[PDB]
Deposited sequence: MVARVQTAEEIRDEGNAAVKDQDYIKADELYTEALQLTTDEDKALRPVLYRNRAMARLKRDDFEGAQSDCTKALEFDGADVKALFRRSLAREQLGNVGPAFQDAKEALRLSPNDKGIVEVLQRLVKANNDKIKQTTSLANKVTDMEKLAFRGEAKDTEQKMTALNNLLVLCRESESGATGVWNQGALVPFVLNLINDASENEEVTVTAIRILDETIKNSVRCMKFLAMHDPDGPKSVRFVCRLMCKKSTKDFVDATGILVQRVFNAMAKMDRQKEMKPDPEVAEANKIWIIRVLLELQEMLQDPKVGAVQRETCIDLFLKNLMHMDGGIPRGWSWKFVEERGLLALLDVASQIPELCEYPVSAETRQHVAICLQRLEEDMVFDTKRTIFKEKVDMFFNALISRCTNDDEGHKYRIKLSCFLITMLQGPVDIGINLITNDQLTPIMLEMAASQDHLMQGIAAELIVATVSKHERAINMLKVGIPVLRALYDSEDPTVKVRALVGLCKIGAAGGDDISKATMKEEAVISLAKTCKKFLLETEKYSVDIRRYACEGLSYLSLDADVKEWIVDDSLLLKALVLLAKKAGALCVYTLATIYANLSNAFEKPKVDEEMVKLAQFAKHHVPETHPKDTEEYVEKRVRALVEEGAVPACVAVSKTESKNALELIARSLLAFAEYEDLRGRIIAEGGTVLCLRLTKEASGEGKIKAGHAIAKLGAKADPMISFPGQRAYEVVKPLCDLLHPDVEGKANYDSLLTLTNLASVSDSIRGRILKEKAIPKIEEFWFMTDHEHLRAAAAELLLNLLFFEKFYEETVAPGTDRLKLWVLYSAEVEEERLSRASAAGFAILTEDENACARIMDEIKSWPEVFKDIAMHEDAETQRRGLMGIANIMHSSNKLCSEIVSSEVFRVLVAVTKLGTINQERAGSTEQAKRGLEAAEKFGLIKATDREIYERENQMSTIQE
């Protein structure tokens, strides 16, 4: 077992290790174990968890825990302190102060409480006179946005936009725009108007959006649409139906996302697992949302988009082992009607469906079903899960008669399998190794029902698998394909080419004739045209062949620029393979297979260069909208390996590179995130930070290439991450601001304490110059007492190379502008004269100019230093004759400091 006690310390240590994420979890986990028989052991936990939360900016959480602590002992000074600091952040300075106050008189002396009250004072002081100022900024915009007191589109759009801007701007900016819930109606009014533009509604929605990240605001939003709770939940979930446009549905699904988040204290985009305590509490609401969202899984009135969204909704919030709801939910989902209904959607294609579905609707059911099974974990459960799918596989099969009516039940039982095979494949496989499915297979394969014919090839093609055990229904199946191929119905030839493709160049000759025939053949046809071509690209010869023909790339682009997520796993794999983006664990021979000059040396560039000249990227963006995993991982490797040719990044940057990889980081899975970053770090460096990371784009572009240095034990693109991070911290302070807070420098510093890495140090150099190029970290490298200064002076000197000078030297002058500075040097820098002399007339131009200007202002402020003319005075003179150089300025500068 794991005692309630010890688990707690395990957390307090987590705090001390500075990984507050674990602490939070550990403390809640700790809390779990104890209940209302350990009384006291709880309050202490809440009082603790709150520090953690407080550190991961979970103010609403911090607050909850504190008051949760005081519930026990109103004196808990640690509670009252943090609860104030929480409220303080929540823009709720009011009772914020009266908490940081009453806190003080419980521990009169505490540099801490004090530093807060001082702040909370200039707070209540500017309080009122400051709120009413926003109240007017609000109203004036509210006036032009919703209350139609505006003329012309644009004008109304910017009001809404500013409203959105001010909305996220701060914690108050939100509360302000929320305007006590007066924002909701105004937004519902736009949703409800048939004639208002999508961009308007979308925006208006995103405003209402942010305002409900607040657990309390959100929960009041969910229950405020009807006096009857259940009905009120319906309304919200159903909003996504009001309109059919893509962006609208999406922007609305998030509102439902928020509801989940708020319902169980969780946010997947923050690695905030749910807090069981909250979730348990307001379960009555979880239930209803689940139920309402479940019911519309099959509601025929509920469209296709909403349909797919409602699926992703479960794939992000039900799967307790994937940042979703807490454990116990997904089980009650399968143990009732959740899985069955989710299953009924599996066996549903456009052509034959009982409720609107689209080509894409499949993926959304696959992954979700995959992960649903993954979220089963126990044994007793993996049982009730397969045990249910089984029951469903029977009921279905045992109704596959041989009549126009019963044919349908074979199309069902069929797709129910293609699906279950791209998803929880294992449960799928174990379903077809029941040769009671091979007859039906054959039957339809042979029928004259063009549909049944095609979706049979697709059923074995989707069985190609890898190993054996099921090579049974392939024994006969594969040949079946060979026949079905001859067919004159495109839809049956193409669907057949695959599989017979995923198992020589004649296949490749065909997949081309489909794809190039852009106008003629259709979309869903060329989808498989791609899928086939996909598997072929793994061979070198094919790799070089493809990139050789323009049209095929020109059309393979038009295919994504129209199909999207339908051609991802596939289109990625074509570009992934075509650019060699996968990896390998790096008598005798085999230095020959490594050949295929088209998979080796400079051939990669012949392809990469070519792919890029034909969209390539715009395509990646087009099909990158998938709650996939590996699919992203491919666009990642594909974009990483795209930007590594210089004059190339100068375009991919303009084709939405940055924006995408950025997404890839948050979104992509595992090594995917990693690859994304490197790609960015490598995209930016020998390129202007302005013409790449504009409009606050630059902020998010940090957490990544700061988490990638951590693994600094050697390797990676640390050098690429630096040349950008440097070129990044150059312009703007908000930049350097984040770079710092990131707890990043305690690491970047180590790219300074190195020997033979002449390059990985010239980086940290040019970086740390622009990193202290303004406060916060300027006074942090001068007073404290960290040997820092030593090198900034030692480096302008230790010149045998270069850059490490000009850098740590340009940072010698601009740094000397401080007096307290010359104080830590001249008295701790034993042997400074030699060093000074070195840099004195050092032969590295700019270094004897930045070096001298650095020393020329050390004696220009503080006489006890100017008096130190030991050999120094020499240079100053010498440098004043014919050197032609300008080092005479920083030289004749050391002069004036003698009067």
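In sequence order, the gaps in C-alpha coverage of the deposited chain fall at 1-4, 508-524, 608-617, 931-961.
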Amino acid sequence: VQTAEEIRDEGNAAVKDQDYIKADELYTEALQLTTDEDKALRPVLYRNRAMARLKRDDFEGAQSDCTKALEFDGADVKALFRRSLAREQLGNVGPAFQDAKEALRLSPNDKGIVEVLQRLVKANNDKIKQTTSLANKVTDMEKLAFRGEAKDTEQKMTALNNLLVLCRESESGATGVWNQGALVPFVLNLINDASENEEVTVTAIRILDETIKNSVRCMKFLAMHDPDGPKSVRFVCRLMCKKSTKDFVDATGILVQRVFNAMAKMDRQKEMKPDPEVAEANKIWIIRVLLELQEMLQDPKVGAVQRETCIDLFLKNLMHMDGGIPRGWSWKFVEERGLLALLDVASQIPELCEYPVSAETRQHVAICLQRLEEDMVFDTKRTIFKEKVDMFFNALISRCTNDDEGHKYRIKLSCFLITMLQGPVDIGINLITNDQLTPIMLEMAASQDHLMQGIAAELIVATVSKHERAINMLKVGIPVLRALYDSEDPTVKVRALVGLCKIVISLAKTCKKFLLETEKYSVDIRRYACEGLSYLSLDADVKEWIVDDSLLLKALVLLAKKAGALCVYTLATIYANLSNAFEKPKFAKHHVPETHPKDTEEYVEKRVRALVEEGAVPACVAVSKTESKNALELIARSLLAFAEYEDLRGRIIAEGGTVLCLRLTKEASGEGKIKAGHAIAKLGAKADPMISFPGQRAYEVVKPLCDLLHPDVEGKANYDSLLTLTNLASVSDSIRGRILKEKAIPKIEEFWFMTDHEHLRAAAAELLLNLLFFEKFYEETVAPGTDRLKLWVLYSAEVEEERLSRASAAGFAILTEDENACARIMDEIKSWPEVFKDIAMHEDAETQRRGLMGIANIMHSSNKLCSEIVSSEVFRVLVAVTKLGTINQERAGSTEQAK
From here on, numbers count along this sequence of modelled residues.
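The deposited model assigns a higher average Cα B-factor to 685-693 than to the other stretch when 685-693 and 130-138 are compared.
Comparing 466-474 with 664-672, the higher mean C-alpha B-factor in the PDB entry belongs to 466-474. Within the selection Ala631, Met754, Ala456, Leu484, the deposited Cα B-factor values reach their highest point at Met754.
Within the listed group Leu293, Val200, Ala821, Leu222, the record reports its top CA B-factor for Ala821. In the PDB entry, a CA B factor belonging to the highest third of its chain's modelled residues is recorded for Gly851. Annotation for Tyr27: CA B-factor lies in the middle third of the chain's modelled residues. For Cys66, the recorded CA temperature factor ranks within the lowest third of the chain's modelled residues. Per the deposited record, the Cα B-factor of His842 falls in the highest third when ranked against the other modelled residues of its chain. Ranked by C-alpha B-factor against the other modelled residues of its chain, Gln370 falls in the lowest third.
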